[PDB]
Amino acid sequence: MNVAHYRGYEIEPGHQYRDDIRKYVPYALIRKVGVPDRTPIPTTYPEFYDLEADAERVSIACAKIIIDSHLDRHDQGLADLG
């Protein structure tokens, strides 16, 4: 599972559950090409998915939305990457 590039940002599709919601939700890691050595910011989205495969496809769409929203809207997320 190689990372896919997006607007110059790398995406790491995957799935993981948080103990805060004890549920499975789109979990992916984004790394910037200019400075990927910076702490990664896990991507998440308000929703739940029983299937891990569904989380992988959603994580890719969420990562793009979070990266795009971060540059436009100040949702404070990839601030460490820039």
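Residues numbered from 1 in each chain as written, not as in the entry; some residues may be left out. Heavy atoms only, no water.

- Listed under the method field of the entry is solution NMR.

1. Remarks on the overall build of the protein chain
- Looking only at helices and strands, one finds one helix and five strands in the protein chain.
- For the protein chain, the N- to C-terminal ordering of α and β elements is β-β-β-β-β-α.
- Along the longest, intermediate and shortest principal axes, the C-alpha atoms of the protein chain span 35 × 30 × 20 Å.
- Buried positions account for 24% of the 82 residues belonging to the protein chain.
- In the protein chain, the proportion of contacts linking residues at least 24 apart, taken out of those at least 6 apart, comes to 44%.
- Surface accessibility of the protein chain: about 5800 Å² in total, with carbon and sulfur atoms responsible for 49%.
- Across the protein chain, the 10 positively charged side chains and the 14 negatively charged ones have centroids separated by 3 Å. (Helix = DSSP H or I, 4+ residues; strand = E, 2+ residues; numbered from the N terminus. Buried < 20%, exposed > 50% of the residue type's maximum accessible area, 1.4 Å probe, protein only. Contact = heavy atoms within 4.5 Å. Areas by Shrake-Rupley, 256 points an atom, 1.4 Å probe, with all protein chains shown as cover. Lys, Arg positive; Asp, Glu negative; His and termini not counted. Charge placed at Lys NZ, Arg CZ, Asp CG, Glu CD.)

2. Examining the pattern of salt bridges
- The full count for this structure, using the stated rule, is one salt bridge.
- The salt bridge involving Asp-68 is made with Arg-7; its shortest N-O contact spans 3.1 Å. With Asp-68 in helix 1 (residues 52-72) and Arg-7 in the loop between strand 1 (4-6) and strand 2 (9-12), the pair connects residues that are 61 residues apart, well separated along the chain.
- For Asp-68, a relative accessible area of 25% corresponds to the partly exposed category.
- Take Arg-7: its relative accessible area is 46%, and that puts it in the partly exposed class. (Salt bridge = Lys/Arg side-chain N within 4 Å of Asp/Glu carboxyl O.)

3. Some remarks on the side chain of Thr-43
- For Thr-43, the location among the structural elements is in the loop between strand 5 (29-32) and helix 1.
- Residue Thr-43 is classed as buried on the basis of its relative accessible area of 2%.
- Once residues within four sequence positions are removed from consideration, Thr-43 is found in contact with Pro-26, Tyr-27, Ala-28, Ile-30, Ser-59, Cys-62 and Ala-63.

4. Points about the nonpolar core
- Formed by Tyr-6, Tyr-9, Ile-11, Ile-30, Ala-63, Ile-67, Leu-78 and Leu-81, the largest nonpolar core amounts to eight residues.
- Of all the elements in the fold, those that place two or more residues in this core are strand 2 and helix 1.
- Other than its neighbours up to four places away in sequence, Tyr-9 contacts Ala-4, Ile-30, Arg-31, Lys-32, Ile-67 and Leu-71. (Core = buried A, V, L, I, M, F, W, Y, C linked by side-chain atoms within 4.5 Å.)

5. Thoughts on the environment of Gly-14
- Checked against the element boundaries, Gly-14 lands in the loop between strand 2 and strand 3 (15-18).
- Since its relative accessible area comes to 13%, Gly-14 is described here as buried.
- Note: C-alpha distance between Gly-14 and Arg-57 (43 residues apart in sequence) is 8.8 Å.
- Sequence-distant contacts of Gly-14, that is, excluding residues within four places in its chain, are made with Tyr-27, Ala-55, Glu-56 and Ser-59.

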